[PDB]
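Listed next as structure tokens is one chain, alone, in the form deposited in one PDB entry.
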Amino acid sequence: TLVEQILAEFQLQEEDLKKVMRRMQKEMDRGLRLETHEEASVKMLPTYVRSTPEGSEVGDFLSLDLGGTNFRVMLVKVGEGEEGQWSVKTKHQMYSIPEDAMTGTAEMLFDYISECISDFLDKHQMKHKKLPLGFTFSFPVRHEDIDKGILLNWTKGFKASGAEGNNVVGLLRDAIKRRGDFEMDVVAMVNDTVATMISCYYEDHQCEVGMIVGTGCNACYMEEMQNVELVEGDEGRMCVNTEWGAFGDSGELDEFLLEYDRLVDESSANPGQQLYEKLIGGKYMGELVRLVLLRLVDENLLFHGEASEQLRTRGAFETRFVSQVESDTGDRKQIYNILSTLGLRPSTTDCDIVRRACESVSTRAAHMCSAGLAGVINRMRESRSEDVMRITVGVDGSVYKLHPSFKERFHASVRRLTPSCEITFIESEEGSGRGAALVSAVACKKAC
């Protein structure tokens, strides 16, 4: 109970979720209107991907995915299916980004990318060949069009200098021609939320929302063009990138924030930014548990009040440990091994307490996230006039997919928040690469 009292600070009651949900909805309305879009914590970024596309090129596309710790390059075949296009990933390669490539400059970093792009084409006897390129770029962009937008700021710990405020598709077309080697048509830059959503479209036309819960956390959804005030027009729909990670940056979550959150935030690459994402994202989840653990050792409640050197270092409680702790079957061997690897020697009760600390943090992430998506879905409910709104959500990300109970918890809570909606969840297969291509495919019918 001294332990359980510390942990019970993580609880959220239903009315707390409803409050977060309504505030999210308010913020979303603000980012859409011209008079408030600029100060809005929830950016609601038009993406220029639009409804009833009809008219796709077929064949082969190059997909890049940048936003993970590791950059990826892959080849995707789009072709012709019934009432839409099929797609399949055929070749792939993943590339690490070195400490020096990151902390450098954007043009530096975008060379490293073009390098990897050459590297990849060499290995597949394709360097001669010229294909449309799908770019999945998982960071907030203000788009002018489907193939043009400026990065607003880096998130999830990225930090290349001289990239913020510049045209990303610009930065890439540049560096692909400090190469001469190869030439791609850069037909479409998308967010990873948008890509996952599109990657599920062929199998389910009701998929109108894309969610990521991985390193970072965010969603996009199909919005009515009359509500998209930042894009001229009233006919049809356009996907909006909510960028809901930055919910709380105007102080909307201040009553919920705990000490561990103010610490994670204060020592992050982006102090004061991405507050909501910091409650949920796998970049921050293990760190939260760490701090909760260090709190517990300080009150002398855990490890006899003695912490290891690993435990006292940032980043050392990896999010994947949280998830592995919660897969422990009851014998404590997974917990013991993780803690032992961290230079600790837990007792039976130290183990049980580490488990509970993990559950506390990841259950609050599930619930917080559930209110976000209930916000998006109930907002869209207003513009639908069926008895039950049947909607499909495409989802990706290792927190959602692999944490043993995250998705169950998430599902039940979202359902509780969204009466008269019947929500179907699809886990995306090669969301990023196959969705970037599918959209490239469609934007080709115009820019080719």
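We call the rigid core whatever largest set of C-alpha positions still superposes within 1.5 Å between the two forms. Residue indices: 1-based, along the sequence shown.
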| item | value |
| --- | --- |
| Absent coordinates for residue 140 in a third or more of other compared entries | no |
| Residue 249 dropped in a third or more of the other entries | no |
| Residue range whose averaged C-alpha B-factor is higher in the record, 326-334 or 75-83 | 75-83 |
| Residue stretch of maximal mean CA temperature factor, 409-417 vs 376-384 | 376-384 |
| Member of 154, 182, 276, 260 with the greatest C-alpha B factor (per the PDB record) | 182 |
| Among 163, 194, 365, 225 - the residue whose C-alpha B-factor is largest in the record | 163 |
| Chain third (lowest, middle, highest) by recorded CA B-factor, residue given as residue 393 | lowest |
| CA B-factor ranking of residue 214, expressed as a third of its chain | lowest |
| Entry-reported Cα temperature factor of residue 95, expressed as the chain third it lands in | highest |
| Chain-wide C-alpha B factor ranking for residue 64, given as lowest, middle or highest third | middle |
| CA B-factor ranking of residue 206, expressed as a third of its chain | middle |
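Separately, the form deposited in another entry exists; it is not shown, and the next lines address it.
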query	finding
2 Å-or-more CA mover between this form and the one not shown, where superposition uses the core and the choices are 121, 357, 373, 335	121
Threshold 2 Å Cα movement between this form and the one not shown at residue 399, rigid core reference	no
Residue 98 C-alpha shift between this form and the one not shown of 2 Å or more, rigid core reference	yes
After fitting the core, residue 67 CA displacement of 2 Å or more between this form and the one not shown	yes
